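What follows is one chain in structure tokens, specifically the form deposited in one PDB entry.
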């Protein structure tokens, strides 16, 4: 009975893109997240056993760019999935885990006022 899909996908693309862009701008911290994790290249054959739903910046970019997000929270859910996969798979002491945490912090700071602009 509630209202759904009040925003056009293209309005969400415009509103949210800056938050994606801020993650891309993080150097070196975005580098492990730019492309899908390739278990064969990284020599981690258990990756897809542990991470059942992979997500990365390129995939999010392409969904946002092509209007695949129909609700703002669907984009946020994908960013969080990317982070949560990285924190699940990687050791807490690891370079990639620390980089995840830095991206997560940048994202939090970026997304809160944007989601208020959608209020």
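Positions refer to the first chain, counted from 1. Here, rigid core means the biggest group of C-alpha atoms that superpose within 1.5 Å across both forms.
- Take 52-60 and 37-45, fit the other structures onto the shown form by the rigid core, and average the C-alpha distances in 7 other deposited structures of this protein: the farther stretch is 37-45.
- Root mean square Cα distance to the shown form, taken over structures and residues in 7 other deposited structures of this protein after a core fit, is higher for 10-18 when 95-103 and 10-18 are compared.
- As listed in the deposited structure, the average C-alpha B-factor of 104-112 and of 7-15 is greater for 104-112.
- Just going by the entry, 24-32 versus 71-79 on mean CA temperature factor gives the higher value to 24-32.
- In the deposited coordinates, the residue among 94, 53, 84, 66 with the greatest CA B-factor is 66.
- The deposited CA B-factor of residue 60 belongs to the middle third of values across its chain.
- Residue 37: CA B factor lies in the highest third for its chain, per the PDB record.
What comes next is about the form deposited with a small molecule bound, which does not appear here.
- Shown alone here, residue 69 lies farther than 4.5 Å from the small molecule in the entry with it bound, counting heavy atoms only.
- At least one heavy atom of residue 108 is located within 4.5 Å of the small molecule in the entry with it bound.
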